[PDB]
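Visitor: these are from a larger complex, still in place; more later:
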Amino acid sequence: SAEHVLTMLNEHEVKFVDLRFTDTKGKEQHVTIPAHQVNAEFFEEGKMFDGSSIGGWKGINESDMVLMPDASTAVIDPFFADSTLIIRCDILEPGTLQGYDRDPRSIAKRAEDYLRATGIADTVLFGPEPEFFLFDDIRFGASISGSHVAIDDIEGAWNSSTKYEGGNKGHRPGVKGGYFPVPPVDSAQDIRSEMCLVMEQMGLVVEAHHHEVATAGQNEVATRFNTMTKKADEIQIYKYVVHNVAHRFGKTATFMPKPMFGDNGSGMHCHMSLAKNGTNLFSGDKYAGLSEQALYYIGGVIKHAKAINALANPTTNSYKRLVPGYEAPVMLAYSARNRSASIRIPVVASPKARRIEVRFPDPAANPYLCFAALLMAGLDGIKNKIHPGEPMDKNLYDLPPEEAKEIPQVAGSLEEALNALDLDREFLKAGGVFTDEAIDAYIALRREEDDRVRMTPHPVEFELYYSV
């Protein structure tokens, strides 16, 4: 409670309260309040600001539900003490609820709590596995006359030839080969190790950290599962902390899905399962443990896969990863292997923890929308029948056409994905977790970027198309 927060305020001295607070149709935002100003009223009626990022015609002020005054903590990082204390959207206003043209954290719950009003179960766990890139210099720009971008970080093969002064020292990981190889070679740990400490400090639980697979600083930190609304918001920290230590160390950290080509572009796998009492109705018999229930879920996703990836796969870049691999998970099936397969029902053991890993989502989504939409579907499957059918176990590769061609795809390609969502509306819209707007506005946004991207001619195009 506040009574509490209240102490904490003195527990630590603190002044100011901020970093991470609102968070856009896109991601993260803050405002800073002098230490005083906090006080119940504050806790009970909020504070309010207005529009900007989704909003039309004048003055729609929005209450800032100083909230989840639980989701409150001392941010390491800022200078002088201060309780980073999220806010539950802007609630609305006098009605007091869905922030204008969103309230991502809201939608979260509508979803969440809505779930609860079905009975399909009682609690939904989400355990996302977001990877990120840690490089040294990131320069880029674009303009009438040209366009470009360059990435560098001691590591990333490329750099060997590179001259230094303390000079080369040459231990580094070559293209898809950043594979937990011990140090000299490992840009470093201390950055990860460190990120954990703070991650936990901030309040998440770390499960292991390590180097992913990419020539130039692909790093992954894992974090114990939660409840959509919580976990989603944990991603929000998970991120803030990375960005920051990373930067505090000397690097830039980036959750882009495909910074470079011919390497590995981080992706956010999401593991999930709902439970009733202390029973995860995702379990049972029938295929890899699991159960009827689950299957409708496996159903749900697969059904609106496209609309979802419009939600959990934005900015164009998203899809430069979601390029047909074999490695790359673009198939809409489930397996326990035979990847390529976008739904993995990991082995299990204790039914106690039987789940679903839908990997395709990329570190770029508001865990809020994404999770929501994941769930939202999952259960409309769980809901009206809907049935997986069989798992893959027969990797992609089949007389390419040979209906392997026929085979359902992960909606590779924004515009496309954007579309789906325009049509799928429904299963989202259901419960209230998702207004037409919300949906609209959302689309409407991603739309612009999609444009800026295609109107701007690409370096490669010259490569191939120039001298014609």
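Guide: In hand now; what should we look at? Numbering: from 1, shown residues only, chains lettered A, B, ... in the order given.
Visitor: roughly how far apart are the residue lying farthest from the centre of chain A and residue A:460?
Guide: Most distant from the centre of chain A: residue A:468, at 42.0 Å, with distances by CA atoms, centre = their mean. From residue A:468 across to residue A:460, the span is 14 Å (CB to CB, to the nearest Å). The way it works is simple: take the backbone N, C-alpha and C, and place the C-beta from them, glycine included.
Visitor: what's around residue A:21, how many residues?
Guide: 21 (other CB atoms under 10 Å).
Visitor: ok, now which ones touch it?
Guide: Going by CB atoms under 8 Å, 6 or more residues apart in numbering, residue A:21 touches A:29-31, A:64, A:84-87.
Visitor: So which of these belong to helices?
Guide: Among the contacts of residue A:21, no member falls in helices (DSSP state H).
Visitor: Secondary structure class of the closest residue to residue A:251 other than its chain neighbours, three-state.
Guide: Among residues not flanking residue A:251 along the chain, residue A:134 sits closest, at 4.9 Å (CB to CB, 6 or more residues apart in numbering). What DSSP: H, G, I helix; E, B strand; the rest coil gives for residue A:134 is strand.
Visitor: Now do the same contact list for residue A:134.
Guide: A:153, A:187, A:191, A:217-219, A:246, A:251-253.
Visitor: So which of those residues is surrounded by the most neighbours?
Guide: Comparing the contacts of residue A:134 by number of neighbours (other CB under 10 Å), residue A:217 comes first, having 30 neighbours.
Visitor: Show the contacting residues for that one.
Guide: A:133-135, A:153, A:155-156, A:178, A:187, A:251.
Visitor: ok, now residue A:305?
Guide: Shown in contact with residue A:305 (CB under 8 Å, 6+ apart): A:332, A:342, A:360, A:408, A:410-411.
Visitor: and of these, the nearest to residue A:352?
Guide: Distance to residue A:352, by CB to CB, is smallest for residue A:342 among those, at 25.2 Å.
Visitor: Just give the nearest non-adjacent residue to residue A:32, would you?
Guide: residue A:18 (4.1 Å).
Visitor: Sorry, wrong one. I was asking about residue A:294.
Guide: Per CB to CB, 6+ apart, closest to residue A:294 is residue A:282, 4.7 Å.
Visitor: onto the same structure, chain B please:
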Amino acid sequence: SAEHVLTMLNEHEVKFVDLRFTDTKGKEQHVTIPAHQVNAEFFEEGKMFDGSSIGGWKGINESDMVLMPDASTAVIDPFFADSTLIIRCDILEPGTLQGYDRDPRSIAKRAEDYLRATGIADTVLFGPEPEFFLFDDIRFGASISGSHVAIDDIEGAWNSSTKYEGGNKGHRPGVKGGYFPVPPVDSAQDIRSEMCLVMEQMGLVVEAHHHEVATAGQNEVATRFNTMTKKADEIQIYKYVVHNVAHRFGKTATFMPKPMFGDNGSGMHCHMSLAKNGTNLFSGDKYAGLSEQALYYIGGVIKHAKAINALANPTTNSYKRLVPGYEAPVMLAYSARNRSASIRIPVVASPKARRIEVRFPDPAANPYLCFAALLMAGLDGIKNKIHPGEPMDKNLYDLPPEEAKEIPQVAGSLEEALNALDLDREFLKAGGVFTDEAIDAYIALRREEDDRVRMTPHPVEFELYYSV
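Guide: Below, chain B sits with the chains from the block before:
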């Protein structure tokens, strides 16, 4: 009191007494006195210097009413201790009052206290919201042969492509998109956070701080309302502190209204309302809460809007912001939304705090003249009837002409504004708060600049006009 100041002097040791003291037809000034020299006499008869900035023919020495020996405090910043202790203009001389060709702080009060002698009420509150820019390097010059200016600060999009050495690190806010996004991206807080601490240290009350919306370091710090004379003079500190920490941090801070084009040029919104006993006669029923009274005010402004913006909208730059937007508040109406609308009657709640936000004024005015003139009018409306009519609620945009054309404008453009004031004299002149001179001198000044500006040919003109 002095008796007091007197202690404080020993309370702290201190030597010297200065920083911020007089303040021009334009803004801020000081002189330093060895610690001794202070002593009653001093408190009672002042100290005096002379002319320079407004003054004609020899020797008009002016008493320096060592005053508001309340408005006294230890300046952090200067080296060795010293009580920055304003001065109430130069009083005059033997008459002892309106400093030659001004006494901005005086005018303030004439106004203020004059207000009091009407009965329209007892106390006028002003709560300005001044925004400012925080950049790294500011180079410019002009001369027969050429002219120019360049601005830079890690942030401001432009800089991505830019090479560094610790190198890029690329998190920064792109054009109208400095929107409280959390750190990596936020040049930084510590500068704001910090500014608050000192702001309060200096004696103001902070209400929240944050990043405004502009590619390259638009920062805003908010401060609790006051009494014209006090608040006005608080702006005087609000400024000194910004300028200084900002500089002490490594940046230049600038209250110019439109440093760059296609971004956001800070503006000083001013919220106001007068009260009688502990009753703000600005309240009631009839439109958005409010009351008859208020309306005449809404009247007053609107009436002499032009003359006012001549006062609260100088240096040419002022108007490069006051360019017809839709966003930009150049309409002379009131709304509670439908911005574009230069008078916003914010929602309210407790009639306890019902007000008027007239946004158009820019961080560039002597809060003194500005506030004064704001008020001065406000009540001549409040005074002889004068009536708003209806609010907007129908944003600008109407068959441009379609009398939307007809519609009253915020006097966009200095010369113009200058003019108004030449004619409006009156409502200012009334009470004594404003001599012909004052007015004259004032005009007369802004005049020159306006000239230097138009005689000097502009980079763009070459753009477009050169090859003809």
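Visitor: The contacts of residue A:217 again please, this time with chain B.
Guide: When contacts are counted by CB atoms under 8 Å, 6 or more residues apart in numbering or on different chains, residue A:217 touches A:133-135, A:153, A:155-156, A:178, A:187, A:251.
Visitor: Check the gap between it and residue A:193 for me.
Guide: 15 Å.
Visitor: Which residues of the stretch 1-150 of chain A lie near chain B?
Guide: By CB under 8 Å from any CB of the partner chain, the residues of the stretch 1-150 of chain A that approach chain B are A:15-16, A:18-22, A:28-34, A:37, A:47, A:52-53, A:57-61, A:77-80, A:82, A:136-141, A:148.
Visitor: re earlier: pick out the most distant pair among the contacts of residue A:217.
Guide: Maximum pairwise distance among the contacts of residue A:217 (CB to CB): 14.6 Å, between A:178 and A:251.
Visitor: Now do the helices in chain A.
Guide: Along chain A, the segments classed as helices by DSSP H run A:2-12, A:42-45, A:104-116, A:191-202, A:228-249, A:292-311, A:318-321, A:367-382, A:414-424, A:426-429, A:436-455, A:459-465.
Visitor: what's the most buried one of these?
Guide: helix A:367-382 (a mean of 28; mean count of other CB atoms under 10 Å in any protein chain shown).
Visitor: Now look at it and say if it contacts chain B.
Guide: No. Counting by CB under 8 Å from any CB, chain B is not contacted by helix A:367-382; separation bottoms out at 15.0 Å.
Visitor: Which other helices and strands does that helix contact?
Guide: Packing partners of helix A:367-382 (3 or more CB pairs under 8 Å, 6 or more residues apart in numbering or on different chains; DSSP states H and E): helix A:104-116, strand A:123-129, helix A:228-249, strand A:269-275, helix A:292-311, helix A:426-429.
Visitor: CA atoms only for the last one - export them in CSV, please.
Guide: What follows is the C-alpha trace of helix A:426-429 in CSV, where atoms were taken according to Å, rounded to 0.1, in the frame of the first residue of the first chain:
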residue,chain,number,x,y,z
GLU,A,426,-13.0,-9.9,-33.0
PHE,A,427,-11.3,-12.4,-30.7
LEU,A,428,-9.4,-9.3,-29.4
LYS,A,429,-12.4,-7.0,-29.1
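Visitor: Distance from that helix to the middle of the chain?
Guide: How far helix A:426-429 lies from its chain's middle: 20 Å, per CA atoms, centre = their mean, to the nearest Å.
Visitor: Chain C follows; place it on the structure:
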Amino acid sequence: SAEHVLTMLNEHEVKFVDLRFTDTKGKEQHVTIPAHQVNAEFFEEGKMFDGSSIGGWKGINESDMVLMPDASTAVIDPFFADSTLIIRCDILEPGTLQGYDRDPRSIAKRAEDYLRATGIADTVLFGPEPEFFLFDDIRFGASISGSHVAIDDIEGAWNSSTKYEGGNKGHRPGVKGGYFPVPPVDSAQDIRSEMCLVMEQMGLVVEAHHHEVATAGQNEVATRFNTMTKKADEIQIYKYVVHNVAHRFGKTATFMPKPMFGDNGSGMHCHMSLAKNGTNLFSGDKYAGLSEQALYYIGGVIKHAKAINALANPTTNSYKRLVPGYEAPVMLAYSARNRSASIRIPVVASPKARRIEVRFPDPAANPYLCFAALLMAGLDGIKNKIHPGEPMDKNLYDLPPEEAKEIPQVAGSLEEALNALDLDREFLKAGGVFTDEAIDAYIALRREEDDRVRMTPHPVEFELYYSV
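Guide: Below is chain C, added to the chains above:
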């Protein structure tokens, strides 16, 4: 004739036909035709292209009246022979006349020939005196982050200190002091001398050339008077030739009115008078020779001075010259001296050549519109009475106000000028020489620039307004 042109074609071999042809609401344009393609049909039905520069909604092709197939000549400059052969606008189309949203050369004549249908006289002579600047390097640009421009040319004082290698050699003209001083000091002649040769080669008649008064390459070449339509179009060459030799020599030539500040920005004085048979009804008795007739003219201008300078004084820069001088001709009176006075009735001798010099117009106008509008007015004065009153002979300077203040001004300042024209319509509109459109479109254009100019903040503004 064509029959002719026809020879000329063989007289010289030539292939191609082009340089200078159409010419915008602004100034000059061409298209190149293979030598063949010319042939009567061509001469009789033209060639046609379409829109771009003034044009709305699709496809309005415009005939190109291969015309004034008189106004035809071998362009020195282009590579391979070619008959630069103007075109009489695009005529229209099937109607065949006023080019879409103009036909500047057309308007010219409507005017001209319209004149003829009044009887006020038979022929109007125009003898403009356009000055231009000849510099070495011209760099400038503007953009979110900054703006600027730099000018240089051995000459322009500034350069003395400048180091060279063949090194300094120091003879050059210091600020308002480029005054026919003999060579070492005179950037050079050969550029002028040369320009003459070609000017005549192109077909104009040179009367004398020399250095005007400005530190850095102000050059003037004079050319014998003509008929609006002819002379106007002569300016069109006068220009092309300058631009070109100038460039061919090693310099950039610029007809901007005020490239630099505190120097002299070229201006196009225009001398005029109409005649009946071989009698210039501008003569007589009554003031400085002259005659009733003239006076109504002197009237006409003075009457719509503002609207005219909107026509013969564009791009903003225009007015940085038309800044109140005493030297500077912004007064609306006539004198034979007492300059400051925008209308000079030069001494005379032979009534044979008695005229009117209205100096204010600047090298920047389509001689077409300008001349037209000059005339167009001139005679609406000549027309319905309208009367000068007395000449100045009492330079500006009179208790500034002392109604010297009262005194009619040269409409200094675009927006303003723009306006006038919006209202003055009439006297233009009269005859058909000027459609509402034409007028509209015109305005509408200058409008944009005027904007780009004021929205973009100015180097100086930082000078003065920054540290506030």
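Visitor: The neighbour count of residue A:21 with chain C there, same question as before?
Guide: The tally of other residues near residue A:21 (other CB atoms under 10 Å in any protein chain shown) stands at 24.
Visitor: what does the one 5 residues further on give?
Guide: Applying the criterion other CB under 10 Å, we find 20 residues in the vicinity of residue A:26.
Visitor: Quick check: it touching residue A:368?
Guide: No. Under the criterion of CB atoms under 8 Å, residue A:26 makes no contact with residue A:368, lying 10.5 Å away.
Visitor: What is the burial count for the residue of chain A found nearest chain C?
Guide: Chain C sits closest to residue A:143 of chain A, with a gap of 9.9 Å, by CB to the nearest CB. Under the neighbour criterion other CB under 10 Å, residue A:143 is assigned a count of 10.
Visitor: Identify the bridge partners of it.
Guide: Under DSSP bridges, the beta-bridge partners of residue A:143 are residue A:146.
Visitor: Per the annotation, how does chain A divide into domains?
Guide: Domain segmentation of chain A under curated CATH domains yields A:1-103, A:104-456.
Visitor: Contact partners for residue A:149?
Guide: Here residue A:149 is in contact with A:138-141 (CB under 8 Å, 6+ apart).
Visitor: ranking those by neighbours, who comes first?
Guide: Ranking these using other CB under 10 Å puts residue A:138 first, with 22 neighbours.
Visitor: So that residue is in contact with residue A:151, correct?
Guide: Yes. If you go by CB under 8 Å, residue A:138 and residue A:151 touch, sitting 5.8 Å apart.
Visitor: shared neighbours of the two, anything?
Guide: What both residue A:138 and residue A:151 touch, as defined by CB under 8 Å, 6+ apart, is an empty set.
Visitor: Just list the residues touching the residue nearest to residue A:121 when sequence neighbours are not counted, thanks.
Guide: Using CB to CB, 6 or more residues apart in numbering or on different chains and skipping residues adjacent in sequence, the residue nearest residue A:121 is residue A:274, 3.9 Å away. By CB under 8 Å, 6+ apart, the contact set of residue A:274 is A:115, A:120-125, A:280-282, A:297, A:375, A:378-379, A:382.
Visitor: Against residue A:428, how distant is residue A:274?
Guide: For residue A:274 relative to residue A:428 (CB to CB), the value is 18 Å.
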